[PDB]
Amino acid sequence: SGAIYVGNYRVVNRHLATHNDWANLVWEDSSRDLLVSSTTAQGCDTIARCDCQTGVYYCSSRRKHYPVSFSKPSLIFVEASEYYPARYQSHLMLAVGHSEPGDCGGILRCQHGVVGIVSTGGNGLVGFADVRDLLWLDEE
Ligand SMILES: NC(=O)[C@H]1CCCN(C(=O)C2(O)CCSCC2)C1
Ligand SMILES: [Zn+2]
């Protein structure tokens, strides 16, 4: 579990969104595994606006932050899970690291701020849903 809290937005994995998230919906995209809901309180996270390919992510199944090198956001084939069939997920970045079911929502960050959240795992790989292109998270 986990979310990004920027401005009056809460960014979560679409597959982990709550009823309150759907009842206060701003935007959602199944192909990216992302959903954004509105919040009453202002958040403290800042979004990175950069092309970094190195950063650090939080892994809840290890209680640890790990430095990683990650690929550029791309269209990657993801195997069937309890939440999605086998399909192409867009704006996904891969790295070598631990990610088991429950690690989704952990933040990946670089020197500029939040880059994205854990969205996929298994096989000694971890995939992150990028948020750096969502410029509207910085306004309204
Ligand atoms: N964004 C997605 O399509 C993910 C939905 C949840 C499940 N996804 C995963 O990668 C695993 O849970 C599969 C079992 S091993 C741990 C990682 C894919
Ligand atoms: Zn950066």
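The chain is numbered in sequence order, starting from 1.
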If every non-hydrogen atom of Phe70 is compared with every non-hydrogen atom of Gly55, which pair is closest and at what distance?
CE2-N, 3.6 Å

Looking only at side-chain N and O atoms, does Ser31 offer a donor or acceptor that is under 3.5 Å from a partner on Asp29?
yes

Any pair counted as side-chain hydrogen bond (donor to acceptor under 3.5 Å, both in side chains), so long as it reaches residues 123-140, sequence neighbours left out
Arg32-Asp133, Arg49-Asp138, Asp130-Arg132

Treating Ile, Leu, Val, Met, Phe, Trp and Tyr as nodes and any side-chain heavy-atom pair under 4.5 angstrom as an edge, say whether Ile117 and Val131 lie in one connected cluster.
yes

Just by distance, with hydrogens left out, do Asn24 and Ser37 show a side-chain donor and acceptor under 3.5 Å apart?
no

Inter-residue atom distance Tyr9.OH - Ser38.OG, 0.5 Å rounding
9.0 Å

Count I, L, V, M, F, W, Y as connected when their side-chain heavy atoms are under 4.5 Å apart, and connections chain through other members. Are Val115 and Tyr57 then in the same cluster?
yes

Indicate the atoms forming the closest heavy-atom contact of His15 with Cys104, along with that distance.
CE1-SG, 3.7 Å

Same apolar cluster: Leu108 and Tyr66, side chain cutoff 4.5 Å:
yes

For the residue pair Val36 and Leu25, what are the closest heavy atoms and their distance?
O-CD1, 3.6 Å

Identify the heavy atoms of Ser69 and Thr54 that sit nearest to each other, and give their distance.
OG-CG2, 4.0 Å

Shortest non-hydrogen pair, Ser99 vs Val118, comes out as OG-CG1, 3.5 Å

Tell me which pairs pass ring pair (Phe, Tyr, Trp, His ring centres under 6.0 Å) where either residue lies in residues 87-126, with sequence neighbours left out.
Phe77-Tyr88

Distance-only donor-acceptor check, side chains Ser60 and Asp103, under 3.5 Å
yes

Under 3.5 Å side-chain donor-acceptor pair for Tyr84 and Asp33:
yes

Any chance you could measure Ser81, atom OG, to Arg87, atom CZ, to the nearest 0.5 Å?
7.5 Å

Heavy-atom closest pair (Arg63 atom, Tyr58 atom, distance to 0.1 Å) is CA-OH, 3.6 Å

Side-chain donor-acceptor pair under 3.5 Å between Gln53 and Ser71, yes or no?
no

Rounded distance (nearest 0.5 Å) linking atom CG of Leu137 with atom CD1 of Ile4:
7.5 Å

Pairwise distance CG(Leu34) to OG(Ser119) - rounded to 0.5 angstrom
7.0 Å

Pairwise distance CG(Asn8) to OG1(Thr40) - rounded to 0.5 angstrom
7.5 Å

Please say yes or no: joined through hydrophobic side-chain contacts below 4.5 Å, possibly via intermediate residues, are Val114 and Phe128 part of one cluster?
no

How long is the span from the CG atom in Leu35 to the CH2 atom in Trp27, to the nearest 0.5 Å?
8.5 Å

